[PDB]
Amino acid sequence: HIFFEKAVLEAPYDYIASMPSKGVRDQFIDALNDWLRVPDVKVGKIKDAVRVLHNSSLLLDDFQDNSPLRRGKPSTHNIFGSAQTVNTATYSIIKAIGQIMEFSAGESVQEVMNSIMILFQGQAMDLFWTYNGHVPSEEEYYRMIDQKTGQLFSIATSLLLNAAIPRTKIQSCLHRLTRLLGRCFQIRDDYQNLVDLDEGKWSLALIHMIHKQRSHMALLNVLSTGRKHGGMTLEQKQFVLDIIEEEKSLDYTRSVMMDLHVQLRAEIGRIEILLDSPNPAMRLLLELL
Amino acid sequence: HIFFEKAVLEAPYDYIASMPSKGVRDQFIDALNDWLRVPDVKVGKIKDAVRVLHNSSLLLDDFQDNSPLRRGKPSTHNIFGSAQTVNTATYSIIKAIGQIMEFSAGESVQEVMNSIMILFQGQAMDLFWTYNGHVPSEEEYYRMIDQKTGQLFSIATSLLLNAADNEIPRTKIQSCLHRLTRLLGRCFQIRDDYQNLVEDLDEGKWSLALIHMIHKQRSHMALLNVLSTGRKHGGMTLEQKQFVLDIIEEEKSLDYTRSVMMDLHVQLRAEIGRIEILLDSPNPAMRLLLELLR
Amino acid sequence: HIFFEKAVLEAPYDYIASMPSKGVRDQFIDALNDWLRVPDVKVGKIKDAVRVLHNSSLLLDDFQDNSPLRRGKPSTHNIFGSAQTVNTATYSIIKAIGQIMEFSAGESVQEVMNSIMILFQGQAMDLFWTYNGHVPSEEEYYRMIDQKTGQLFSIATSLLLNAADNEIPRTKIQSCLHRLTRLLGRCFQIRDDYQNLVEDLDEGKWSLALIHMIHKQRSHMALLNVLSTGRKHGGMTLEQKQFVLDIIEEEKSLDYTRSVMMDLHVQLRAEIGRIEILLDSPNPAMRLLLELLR
Amino acid sequence: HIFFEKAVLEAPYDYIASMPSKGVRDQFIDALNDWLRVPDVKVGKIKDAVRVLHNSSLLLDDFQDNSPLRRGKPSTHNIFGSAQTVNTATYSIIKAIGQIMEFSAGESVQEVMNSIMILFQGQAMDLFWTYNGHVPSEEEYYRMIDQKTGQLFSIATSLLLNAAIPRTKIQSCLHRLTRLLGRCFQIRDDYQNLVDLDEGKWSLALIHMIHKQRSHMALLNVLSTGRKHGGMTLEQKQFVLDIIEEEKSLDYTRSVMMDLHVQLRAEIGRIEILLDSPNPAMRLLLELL
């Protein structure tokens, strides 16, 4: 009937939903709801909207990096074919927009529309630097990371500032905290995924090493010419392993995390002092990293 | 520099922005404008957004059906890779959705996006059939063709009408126009099909001819089993493809779509004459659009 | 010398003539003899012909499902090649049909072959489903299982009864016996299935479990799409196979066949008690046959 | 319904039937009906029975020699898979037996049952000599050929002698003509198929050359060791081509045909003189070769 055509379109989403999600986009909102304090009948709807947007982000990601198994279960790219996964991810983002064009928000449609166009620009960069071997710089890797991960919490917050009653004075001093939390969470996720293979999959633990001016040019010319001629040899695979240990990129991630925290605990304090009410939970949210 | 990011993202959509489309969406919009009588500023922004949706559908369709040379240049999938064109298409769809929002919000645009998710339910039906091999019926196949090809004309008309003049009959012509759009989209899909079989796409997709043959009790088993061996071996043969061409030549397949195209053509002709009697004047453009369908 | 031709033809069937079958057709025939009370010359020729049909079905089945090690030796397909085992199987089927003709022709044997062509309509249904991927229903799946596994027991019983004693109730027990055969064959197929899932055959075939899952609206799409990708890539994975095992563990699949096996077991038990009241004495062998079904 | 399960089993047969059959098994019976003169309501049934038996023979053959295209259209082995073609060929022979267990014949069931067991023995030999490289001898190749082709006309005639009224005096002097016509027709078919590739596909035009004691041992050792090590080289493929020309196997087929004819025209004469009625058609049947 109609339920058939409706449950076949939403089948890949129904497969990615049953995954044991970390529950951060649904906890950051629960921690941001301590300050903004929107009604439950609305915060739940916004949580649903950011949840479908993020699950569709995973749907596009798990295909945009060919991986038979993402975590525990097999990857949607490897179960429903590839054409089905793409044609359901696109429908899912449009459905989330229509969910945002509703009670989620009325007049600031351009606000979330632009904050989604940023989310796709910050991803095209990753696909470009992987498909074209064009190694980045930290001034651009941090740009991309904040252009692809933080642009989800940005929509998550820009819709909670459209419902929550002071003024937008917090905005300029609230977005900052959003982008900071987003970058730190991506960095923590990369760290846990590391503790390696290349094949066009950059990270902080690689943009710090491939720019270490000691043995830098050896690196900028080891990946290439080998990634063309097959993939890599066997002593070369150990070479970069021992190279990452040299300057200890794995410790620059620790240092940047030790700076994102002390940047968070001074950025949360801005909100804690703007509104005269502590937040015994958002300070505990930092246990994520 | 954003000047570079904003041009690596748009790069795929720019690659088929200049392809020789020989499209008809433009002619249909310039023919509906003969009735709606909207300012040229409007008929410009509408074409400059429905063309984005169309080219985005091309990226999204001409990639699942991995093709080679298209008009002298290879398919956008093989050049920019699969992962990059998908991201550019998902962005370009949102770019057009944002373009729509700007021109108008009165009379609601929550029914202009609810008319795009239908354009993806249709493609979802098609990509579920071609993948899981489930043969369609005849009514279900017509439903998918209406959902997938005609829905883009439906978006264009539902955006045109929403800023038509604020005069005119308004709603008293809306449902009639929507029926005209459905029949016109169905004809323009079925005509490209009948031109393809004058076949060559037996690698997975489902034309109306295939729906005619697989449903006739004579040789129904044979054709069903041929498609299964094809999808099992990834392409049938140059010999088995000649067998399917001979089934088409046997069951009078090129005579059953013609008897459907020539029927939908007279139906569209009756529909257009019904539009010229609903507080409207002649449209020698629409009757020149039907001539572009053999 | 014919001594060589007559031994290269019989060579494949002789290769599984000594395989450790652990079969049950013999036990069932020796249990039906407890009722029919036929001369041992009969109960010998019957087993020496229904065993030929069974081993021939093995050649014909264990070849389409190209397998490797079977009981410590490879499948008869890989040793003698596909073309040679098929010819030996088609000959051995006719050898058993000719064997049947000899023992008896009164009461007609034109209904003993009409009960073998059913055993091939069943296998034809199975080889059309596994090939063209058409999912079965539940009643159609039970029909195929009755046609394919139970029909060999039906041949044995319709040959036993046709020379049962010329005394006995005769026809007044024929239809009851035929219902007993159908239920017993269905149980012995479903039990081998439930033992296979304590799975490992997701390369094309269709167990009852697969018919339970693909029919439940929850995750019906997921499982259908997994089987399509499997049959498209020729085998799914070691990862996707674990996904199907987790669906089985989720939808309570190993609890729905058990609720069907334990139902068919009580049904068979009631049927056997109904046979002991139809001018017959106890059969402590039949009630020891049911114990060989967990 | 029931028509479904009935038309799926008989679908491969329905595909091999639409082929443009030569129409020999339905013409040999029409030419044998001149002497025996059975009723039409019976000769048609026997023609149907031998037609399904022969179409099932083709079904097993076209799979037992892997060929994507037999003639004009594609091969049943390459359309319905392989498991379907086998499981319909077997059903077709059983159905033909049941058609023979009827009006076709009543009491002489063993006659046609044995004449079908011979038809499968005469084929197992071919599959053995192909699957095992065991080159035959003419004393065995003629045996196999008469054991595989003539055993169809044999059933075609043994059922017309079960309906047709003299005695079985003709039998012993009628079977001979059947087997002679069967061998000559197979030889004519092989000749037309030749006027080559090996891969275990013997013929008269090969059993005559691979036994030509001049260059014989070179042949018995050229095929093997090469058919294992890949297939063949490029000068070797021309070698046997020029070898067949040497002794002219292609002319021993002509000589054996020039003997089968003069053997036929003296075997048909036996029937022509036994019953005092000429046959202006069976003499014209010989135009097949």
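Residue 1 is the first one shown; counting continues down the chain.
If you check the header, you will see the structure was determined by electron microscopy, 4.0 Å.
Backbone N, Cα and C define each Cβ position, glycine as well.
Database features (Swiss-Prot):
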- B:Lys22, B:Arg25, B:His54, B:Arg71: isopentenyl diphosphate binding site (BINDING)
- B:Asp61, B:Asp65: Mg(2+) 4 binding site (BINDING)
- B:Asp61, B:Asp65: Mg(2+) 3 binding site (BINDING)
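Here the features listed in Swiss-Prot are placed on the structure.
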{"residue": "B:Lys22", "record": "isopentenyl diphosphate binding site", "Cβ contacts under 8 Å, 6 or more apart": "none"}
{"residue": "B:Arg25", "record": "isopentenyl diphosphate binding site", "Cβ contacts under 8 Å, 6 or more apart": "B:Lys47, B:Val50, B:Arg51, B:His54, B:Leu152, B:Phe153, B:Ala156"}
{"residue": "B:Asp61", "record": "Mg(2+) 4 binding site", "Cβ contacts under 8 Å, 6 or more apart": "B:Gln123"}
{"residue": "B:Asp65", "record": "Mg(2+) 4 binding site", "Cβ contacts under 8 Å, 6 or more apart": "B:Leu201, B:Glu203, B:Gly204, B:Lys205"}
{"residue": "B:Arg71", "record": "isopentenyl diphosphate binding site", "Cβ contacts under 8 Å, 6 or more apart": "B:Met19, B:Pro20"}
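In the shown protein chains, 20 other C-beta atoms lie within 10 A of the C-beta of B:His54 (isopentenyl diphosphate binding site). For the isopentenyl diphosphate site listed in the record, the two most distant Cα atoms among B:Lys22, B:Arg25, B:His54, B:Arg71 lie 19 Å apart. DSSP assigns B:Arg25 (isopentenyl diphosphate binding site) to a helix in the three-state reduction.
In this structure, B:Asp65 (Mg(2+) 4 binding site) belongs to neither helix nor strand by DSSP; it is coil. Under DSSP, B:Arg71 (isopentenyl diphosphate binding site) is assigned to coil, being neither helix nor strand in the three-state scheme.
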